[PDB]
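Asks: Experimental structure and sequence below.
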Amino acid sequence: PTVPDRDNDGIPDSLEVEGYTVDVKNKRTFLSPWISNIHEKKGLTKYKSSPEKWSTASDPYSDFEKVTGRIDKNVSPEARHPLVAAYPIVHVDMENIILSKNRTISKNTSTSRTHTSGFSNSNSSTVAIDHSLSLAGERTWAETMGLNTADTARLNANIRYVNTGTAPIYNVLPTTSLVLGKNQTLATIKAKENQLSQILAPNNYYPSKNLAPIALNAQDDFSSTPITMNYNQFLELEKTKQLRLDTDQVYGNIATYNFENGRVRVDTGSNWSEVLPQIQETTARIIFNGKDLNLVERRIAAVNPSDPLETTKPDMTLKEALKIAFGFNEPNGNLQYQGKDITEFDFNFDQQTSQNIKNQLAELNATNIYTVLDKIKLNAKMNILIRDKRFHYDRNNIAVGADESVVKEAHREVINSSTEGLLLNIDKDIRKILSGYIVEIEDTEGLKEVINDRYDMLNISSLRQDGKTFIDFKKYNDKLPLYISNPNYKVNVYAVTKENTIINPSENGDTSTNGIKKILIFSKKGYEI
Amino acid sequence: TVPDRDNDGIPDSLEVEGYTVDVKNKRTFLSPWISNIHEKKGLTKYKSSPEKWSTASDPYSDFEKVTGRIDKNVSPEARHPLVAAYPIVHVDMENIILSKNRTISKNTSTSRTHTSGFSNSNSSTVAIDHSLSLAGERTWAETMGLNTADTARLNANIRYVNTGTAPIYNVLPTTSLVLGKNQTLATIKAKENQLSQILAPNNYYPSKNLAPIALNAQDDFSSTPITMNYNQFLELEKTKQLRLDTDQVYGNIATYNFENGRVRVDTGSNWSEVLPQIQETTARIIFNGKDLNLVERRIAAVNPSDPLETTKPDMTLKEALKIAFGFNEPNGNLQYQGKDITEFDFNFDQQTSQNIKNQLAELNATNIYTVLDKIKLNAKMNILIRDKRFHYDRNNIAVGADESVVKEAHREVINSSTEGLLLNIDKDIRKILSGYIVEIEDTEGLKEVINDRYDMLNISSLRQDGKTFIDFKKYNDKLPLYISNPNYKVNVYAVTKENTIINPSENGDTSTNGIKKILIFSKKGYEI
Amino acid sequence: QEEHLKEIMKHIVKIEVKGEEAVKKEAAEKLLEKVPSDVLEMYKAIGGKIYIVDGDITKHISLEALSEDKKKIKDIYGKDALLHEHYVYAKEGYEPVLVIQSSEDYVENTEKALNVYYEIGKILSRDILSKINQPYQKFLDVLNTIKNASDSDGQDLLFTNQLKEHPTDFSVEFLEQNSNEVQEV
């Protein structure tokens, strides 16, 4: 019969264009043409692909292997589908630093992978150093560290690498340069040689959470203080507390599947630094912050009118893209992600993509995209950003705040209240936009006494091991319980979100929380405790 | 003539249904499982995947494993196709020595550890002996002239232990010593072109017959590689324990060549490329039954989400234990050389826990020990089965036990005299007893403890015939045992590790006063 | 490398979908093919013919009204199985009938095919040849050579427990008095 197969990818031509699916028959797996009535009840997915592409996504795994499972068992599940490119995405996460002069300020940091606007295909992150005063007496860093006009401080940090992509990196580990301010490059962290012999499967850390993180300073003799830094730099750092970590895309080799013995061997000829360019010019990019407010990037194969070979890829409608790339489903035919309807999200587009979609909205005579969702065609190179509509965001698309009404609603469940603190149970996502709480006491006649009355004394909210938030008064108190001048006096509590926070003392070094917009969060009389 | 898609020698139908190889006088042939003629002959019933060249995913084909054409060093129990064969190397530190850049030389004991969200990486844990070999050597800080501005040198001896199931050949793992939470003292070099020997499973390198590898090079690489400022030494004194973390960068793999039957190390295949597959498609079972050491095995289980992966034969928990460790059914009741399956605990990670609660719901059962043979294993579950009778610490090492169990193990006095006891106790108990407290009781209720110092308990030795012998004269005054009254009771107490004190108290008390002691012996003065 | 893809490719890529019920008809017909045709003509000549049911073999008009008591059957391996679960039964009487339950897995696996062929052999020996008493000395002579032979597990493979306890060699009288045991072998 010589069933025709030009692309030489195992699946015959007719099958790829019309729809097929792999289904395990008791112990033997066979490929079958999609039958509408007998396969749907079994919960099998309808695959489609390109009859002229050995790999529709253009990544190194053929159309046949992805759906059949003959593949590096580490490729993330969501990438098994033939229309989702599988490639690595490595960024650097810095946990904490320490400083001194060539009496060491050691503060813990929190990092988030960033993305800003005209946004380009290069990964970068952003660390934010904690500003709260661990020591009472450590007012003004300039003095806690003996920094003089003609001195230089030494920097020694700990970092870990994070793989948030969908495929493993193997031998090499990328070079990445730290930069303070707009263009002041302080140091480039060397690419250690022949040491990352382990694997970074998607959503894993290197080195793992159970081992010491890789010390940034060598601790050897390579440079006495590689991170030198004149005085003026230290000043910007004191004003901004921000550092950027730019990383390039030089990953390792690729792991291929061998038919002869089923061995997965690292081939030394093929290298990710040759493939990524292909993927980045033939796919639509979708960025989503839905799961835990972290930026997840996926690439979907879309058609490109100008190129013959490219019209071969199956048409991909936006609605289906969200379904197969992230996990959206249809309990009642309404697109939703774990309860949250698709309508609670924004759609933002780059100027090109924006223009293109305006056209698409014209030939259909519709104004609300949330309706015509199943009629939007994706072409190559569009960039789409789906962000939660309820939270406020900064310039680098990081979650930074929210509307007060949401903040209050998140607190309407008071599990317990006493004179020693609150034990709340709040939805894990909100507590990533709250910097701290202001506690105050109110005289029966309207007076106001704020307990922790200093700008740098807000980090008073810890988290218990059972996920119950616990606020401790004695932390930034005088290690004494809470006193009340009247069992009828109301106790008011305000919360301050990051966006509305102050990061340095004011002009005249004011430390009071006066000119800070505060949202009321609690108010029970003295006897209601 | 017979379809064989996986191209692994065995035909399709045989692989799915069950087969076994059985030698007919001198020729080996593969045959379909016949229930009556193979079972009486003691042959094992195999199953495998018709679409996997190696169902386990390790580097040996389904056909080679069961037929024996394979590196003769893979341990026997891993010859069965559903048990992954791979190495597991950890570091064992036998003893250290210290001085200043007056040498504290103590013997150490190490145990492979495992703690809790527990991950796939081997680590060990040393414990330094605390007992006072010298009477006068109170406070190390002074026995070694250590000053606030001094530095101590560390010099240990180590050997490598392979507790896995397959051999490593050329490379030997890099391993970093770490004290406390994050103060990394040193990284043990990967000696180059020196591990030309072999680590077969359950073997040592270097062998028990050779001097252990000196940790410090004794060359010029670093004058005192393990330097150490004062503050660490203080912290070290409070905790008296270290960790040895090792990674998994092993060597190449030895493969079997069909043309002439030679086993040659191919330089293309490297264990560091295979391990990730195994770690993502098998169920992990931890067992501390044999000798209270953590033995880890991996069994190939199905993963619903993946077509190719659904091909592997289903494994019920009971079946896993039968082929991986040696459990059997003399009377249909699970036991490991007598101890019934009921004497063990089952602990599960949160994911696996969730999965098993479902499994227990569609069967309407509450005691897992009954419906045990009806529990499906899925890929990536982690199961830890520990003996229910012993107490455990934070790093899941055996540390103590309930007193009641301890006493019956001692109720057999083979001999008693005025110089000590010679017992014959079950080899497993003496890994949770730190030492013994001896005391004498006046006819009117007084109490005189002979070795009345916290660091003076190690008085119990073991004779060459496995009979434990407790020596009083060791930490006594080299004098025999006196008794003020043939009516005076003689009390002996034992102190398990978990219940031990490791440093002098707040006001530097050295008496065994505030130590919880369990009574183990009490005979009349005349009887002794 | 290009070579191997084809073999795996052909086995997995079923070009067309036979159908939901066609496969069933095709499986049974292929199975009976392997048995020599001449056996089928002897069966038809002596009367009743095999009809393939689709549902629970336990409930069929031809078999429901007869032999309710004989619910206990022994597979080829000697282990007992209930009839309802079992997938093939046969009955010896005035109307010799053989019934096989249709299934799609007779070509792929073998344990199921073995029982069908096993039932054809029992009908042949007990119902066909018995009309001529064809099993006789030649069959008995080979039989005798198996019992007395160097540690030959062959006995274990074909003899039941009852046979393993006859001390001397087999005799022409025994077959006459007991003819179910020999016909089974």
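Replies: Yep, that arrived. Numbering: from 1, shown residues only, chains lettered A, B, ... in the order given.
Asks: tell me the centre residue of chain C?
Replies: The centroid of chain C falls nearest to residue C:118 when counting by Cα atoms, centre = their mean (1.7 Å).
Asks: ok so that residue is a helix residue?
Replies: Yes. Remark: residue C:118 belongs to a helix, assigned using DSSP: H, G, I helix; E, B strand; the rest coil.
Asks: Next one: it from residue A:263, what distance?
Replies: Applying Cβ to Cβ, to the nearest Å, the value for residue C:118 to residue A:263 is 42 Å. No exception for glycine: its C-beta is placed from N, CA and C like everyone else's.
Asks: I'd like the distance between the residue in the stretch 201-350 of chain A positioned nearest to chain B and residue B:282.
Replies: As assessed by Cβ to the nearest Cβ, chain B sits closest to residue A:262 within the stretch 201-350 of chain A, at 3.6 Å. Separation of residue A:262 from residue B:282 (Cβ to Cβ) stands at 15 Å.
Asks: Show me which of those two is the more surrounded one.
Replies: residue B:282 (26 against 21; other Cβ atoms under 10 Å in any protein chain shown).
Asks: doesn't residue B:378 make contact with the more buried one?
Replies: No. Under the criterion of Cβ atoms under 8 Å, residue B:282 is not in contact with residue B:378, lying 10.7 Å apart.
Asks: Show me the common contact partners of the two, please.
Replies: residue B:301 (Cβ atoms under 8 Å, 6 or more residues apart in numbering or on different chains).
Asks: Show me what the longest helix along chain A is in contact with.
Replies: What stands out as the longest helix in chain A, according to DSSP state H, is helix A:351-362. Contact with helix A:351-362 is made by A:349, A:367, A:369, A:372, A:376, A:377, A:379, A:381, A:382, A:383, A:384, as judged by Cβ under 8 Å, 6+ apart.
Asks: excluding its backbone neighbours, what's nearest residue A:138?
Replies: Spatial nearest neighbour of residue A:138, excluding adjacent residues (Cβ to Cβ, 6 or more residues apart in numbering or on different chains): residue A:144 at 5.0 Å.
Asks: and the one you found, what does it touch?
Replies: So residue A:144 contacts A:103, A:105, A:138 (Cβ under 8 Å, 6+ apart).
Asks: try 10 Å
Replies: Contact analysis of residue A:144 by Cβ atoms under 10 Å, 6 or more residues apart in numbering or on different chains lists A:99, A:103, A:104, A:105, A:135, A:137, A:138.
Asks: What is the most widely separated pair among the residues you listed?
Replies: Greatest spacing in the contacts of residue A:144, by Cβ to Cβ: A:99 and A:137 (17.5 Å).
Asks: can you tell me how far whichever residue of chain C sits closest to chain B sits from residue B:38?
Replies: In chain C, the residue that lies nearest chain B is residue C:77 (4.3 Å; Cβ to the nearest Cβ). Counting by Cβ to Cβ, the gap from residue C:77 to residue B:38 is 11 Å.
Asks: again, but for residue A:445
Replies: Residue A:445 is 94 Å from residue B:38, by Cβ to Cβ.
Asks: export the contacts of residue A:144 to a markdown table and tack on distance to residue C:62 and secondary structure?
Replies: Shown next, in a markdown table, are these (distance: Cβ to Cβ, whole Å; DSSP: H, G, I helix; E, B strand; the rest coil):
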| residue | distance to residue C:62 | secondary structure |
| --- | --- | --- |
| A:99 | 93 | strand |
| A:103 | 99 | coil |
| A:104 | 93 | coil |
| A:105 | 93 | strand |
| A:135 | 94 | coil |
| A:137 | 99 | coil |
| A:138 | 96 | coil |
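Asks: of all those, which comes closest to chain C?
Replies: Distances from chain C to the contacts of residue A:144, taken by Cβ to the nearest Cβ, are shortest for residue A:99, at 56.4 Å.
Asks: tell me which residues form a beta bridge with that closest one?
Replies: With DSSP bridges applied, residue A:99 shows beta-bridge pairing to residue A:105, residue A:155.
Asks: tell me which parts of chain A are close to chain C?
Replies: Residues of chain A lying close to chain C (Cβ under 10 Å from any Cβ of the partner chain) are A:1, A:3, A:5, A:8-12, A:14-15, A:20, A:22, A:25-35, A:37-38, A:62, A:64, A:68, A:70, A:258-260.
Asks: Within range of chain A, give me the residues from chain C.
Replies: C:1-17, C:19-20, C:104-105, C:108-109.
Asks: filter these to the buried ones?
Replies: Buried members of those, counted by 16 or more other Cβ atoms under 10 Å in any protein chain shown: C:5, C:8, C:9, C:11, C:12, C:13, C:104, C:108, C:109.
Asks: I'd assumed the fourth one was in a helix, is it?
Replies: Yes. Counting by three-state DSSP, residue C:11 is found in a helix.
Asks: That one: what's its closest spatial neighbour, skipping adjacent residues?
Replies: Distances taken as Cβ to Cβ, 6+ apart put residue B:5 closest to residue C:11, at 4.9 Å, once the chain neighbours are dropped.
Asks: Could you check how far the one you found is from residue A:329?
Replies: 34 Å.
Asks: Please, where are all the helices along the chain?
Replies: Going with chain A. Under DSSP H, chain A gives helices at A:13-18, A:36-39, A:63-68, A:141-144, A:231-240, A:272-280, A:308-311, A:318-325, A:351-362, A:404-409.
Asks: looking at chain C here, not the other one
Replies: When assigned using DSSP H, the helices of chain C occupy the ranges C:2-12, C:22-33, C:37-45, C:61-64, C:111-123, C:137-147, C:154-158, C:172-177, C:180-184.
Asks: Show me which residues of the third one are buried.
Replies: Same thing as helix C:37-45. Within helix C:37-45, the residues that count as buried by 16+ other Cβ under 10 Å are residue C:43.
Asks: who touches it?
Replies: Residues external to helix C:37-45 that are found in contact with it (Cβ under 10 Å, 6+ apart): C:32, C:35, C:49-50, C:96, C:98, C:120-121, C:123-124, C:127-129, C:131.
Asks: now that helix against helix C:111-123, angle please.
Replies: Interaxial angle, helix C:37-45 versus helix C:111-123 (axes from the mean of the first three to the mean of the last three Cα atoms, to 10 degrees): 60 degrees.
Asks: same deal with the first one?
Replies: Taking the same axes, to 10 degrees, helix C:2-12 and helix C:111-123 form an angle of 60 degrees between their directions.
Asks: Check the second one too.
Replies: Relative orientation of helix C:22-33 with respect to helix C:111-123: 50 degrees, computed using the same axes, to 10 degrees.
Asks: ok, is helix C:22-33 in contact with chain B or not?
Replies: No. On the criterion Cβ under 10 Å from any Cβ, helix C:22-33 is out of touch with chain B, staying 14.1 Å away.
Asks: what's that helix packed up against?
Replies: strand C:51-53, strand C:97-101, helix C:111-123 (3 or more Cβ pairs under 10 Å, 6 or more residues apart in numbering or on different chains; DSSP states H and E).
Asks: So which bits of the last one are buried?
Replies: Read it as helix C:111-123. C:111, C:112, C:113, C:115, C:116, C:119, C:120, C:123.
Asks: List the contacts of the fourth one.
Replies: It stands for residue C:115. Residue C:115 makes contact with C:75, C:76, C:77, C:86, C:87, C:88, C:100 under the criterion Cβ under 10 Å, 6+ apart.
Asks: For those, give me TSV that also has neighbour count and distance to residue C:55.
Replies: Listed next are those as TSV, based on neighbours: other Cβ atoms under 10 Å in any protein chain shown; distance: Cβ to Cβ, whole Å:
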residue	neighbour count	distance to residue C:55
C:75	14	21
C:76	14	24
C:77	15	26
C:86	15	13
C:87	16	11
C:88	18	13
C:100	22	13
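Asks: Can you pick out the most distant pair from those residues?
Replies: Greatest spacing in those, by Cβ to Cβ: C:77 and C:100 (19.2 Å).
Asks: separation between whichever residue of chain A sits closest to chain B and chain C?
Replies: Chain B sits closest to residue A:69 of chain A, with a gap of 3.1 Å, by Cβ to the nearest Cβ. From residue A:69 across to chain C, the span is 12 Å (Cβ to the nearest Cβ, to the nearest Å).
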